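Student: So I've got this experimental structure, pasted below with the sequence.
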Amino acid sequence: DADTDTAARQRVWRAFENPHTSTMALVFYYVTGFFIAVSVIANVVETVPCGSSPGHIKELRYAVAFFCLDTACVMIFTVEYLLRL
Amino acid sequence: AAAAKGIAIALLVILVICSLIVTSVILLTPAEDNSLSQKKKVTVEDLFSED
């Protein structure tokens, strides 16, 4: 009963911590979830032969660009960590 | 609901723009076709050939 949760940046980062502030928090969390999902699925799919490997290039797509996606998403991770700090 | 759907569409747009930025990034350093001779090498026989 006595959890006494409260509500310039001191209230701003709490509103960020708030799971649902309608306009702001929903965006802030959904976009981060999309980033983490695309990051993990990209890390997974870099293994399938046709995806990114010499599994179908021996005859002759294997474009090494998911590394750039990993760089971008870890950039998002570190900037979000700085925001959390 | 309706407001939730609207803000969901807003975040959908702001993630679509980021995805397009990612596509621009991956096309920023493309190597679709690499220029190469891809033909026969040079041997001693063609050295001694009339060509």
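Tutor: Received the coordinates, thanks. Numbers count the residues shown, from 1 in each chain, chains lettered A, B, ... in the order given.
Student: Relative to residue B:16, how far out is residue A:1?
Tutor: To residue B:16, residue A:1 is 45 Å away according to C-beta to C-beta, to the nearest Å. Using the backbone N, CA and C atoms, a C-beta is placed for each residue, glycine as well.
Student: how about the longest helix that chain B contains: buried residues?
Tutor: The single longest helix within chain B, with elements called by DSSP state H, is helix B:2-26. Residues of helix B:2-26 classed as buried: B:7, B:11, B:15, B:18, B:22, B:26 (neighbour count, 16 or more other C-beta atoms under 10 Å in any protein chain shown).
Student: Nearest to residue A:42 among those?
Tutor: Nearest to residue A:42, judged by C-beta to C-beta, of the buried residues of helix B:2-26 is residue B:22 at 10.4 Å.
Student: so who does the most centrally placed residue in chain A touch?
Tutor: The geometric centre of chain A, computed from its C-alpha atoms, lies nearest to residue A:35 (C-alpha atoms, centre = their mean), at 2.7 Å. Counting by C-beta atoms under 8 Å, 6 or more residues apart in numbering or on different chains, residue A:35 makes contact with A:73, A:76, A:77.
Student: ok, so what distance separates the closest residue to the first one other than its chain neighbours from chain B?
Tutor: Closest residue in space to residue A:73, ignoring its immediate chain neighbours: residue A:39 at 4.1 Å, by C-beta to C-beta, 6 or more residues apart in numbering or on different chains. With the distance defined as C-beta to the nearest C-beta, to the nearest Å, residue A:39 ends up 11 Å from chain B.
Student: could you check the angle helix B:2-26 makes with whichever strand or helix holds residue A:39?
Tutor: In this assignment (DSSP states H and E), residue A:39 forms part of helix A:23-45. Relative orientation of helix A:23-45 versus helix B:2-26 (axes from the mean of the first three to the mean of the last three C-alpha atoms, to 10 degrees): 40 degrees.
Student: After helix A:23-45, heading C-terminal, what element do we hit next?
Tutor: With DSSP H and E, the next secondary element past helix A:23-45 is helix A:66-84.
Student: check the buried residues of helix B:2-26 against chain A, which are close?
Tutor: When contact is defined as C-beta under 8 Å from any C-beta of the partner chain, those meet chain A at B:7, B:11, B:15, B:18, B:22, B:26.
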